[PDB]
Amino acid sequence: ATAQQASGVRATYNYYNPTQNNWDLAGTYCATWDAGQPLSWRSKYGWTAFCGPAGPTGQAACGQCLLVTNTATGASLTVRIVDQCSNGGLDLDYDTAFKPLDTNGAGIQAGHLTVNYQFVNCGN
């Protein structure tokens, strides 16, 4: 079957700042399973927390990849799930995911983006 997807969910941002910290997963929920991965894996894609209404979540979602589309502009980006959030959307790392998706700057004025997402092959 097709990989899971949802449309029109909210994406906020969080300052994980993996590039200021050697892409270290310590402190994220997924560190339990994924912190030992090589730098090439940890830094392949920008980071997000995930809690969408379609697809695996929590432990089963750790390390999976999402193609995220900003519905206000058409920008898209692949991100890696490194954490879980407590709503029904995404909490994108600001530096490595929210900022590159916010191509007209409206997202930081509103405090969020409206995005679609689909699970995709990470190509690891």
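In case it trips you up, residue 1 is the first one in the sequence shown, and so on.
According to the PDB record, 11-19 carries the higher mean C-alpha B-factor of the two stretches 110-118 and 11-19. Averaged over their C-alpha atoms, the temperature factors of 90-98 and 25-33 are higher for 25-33. In the PDB entry, the Cα temperature factor peaks, among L77, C51, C65, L39, at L39. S43: CA B factor lies in the highest third for its chain, per the PDB record.
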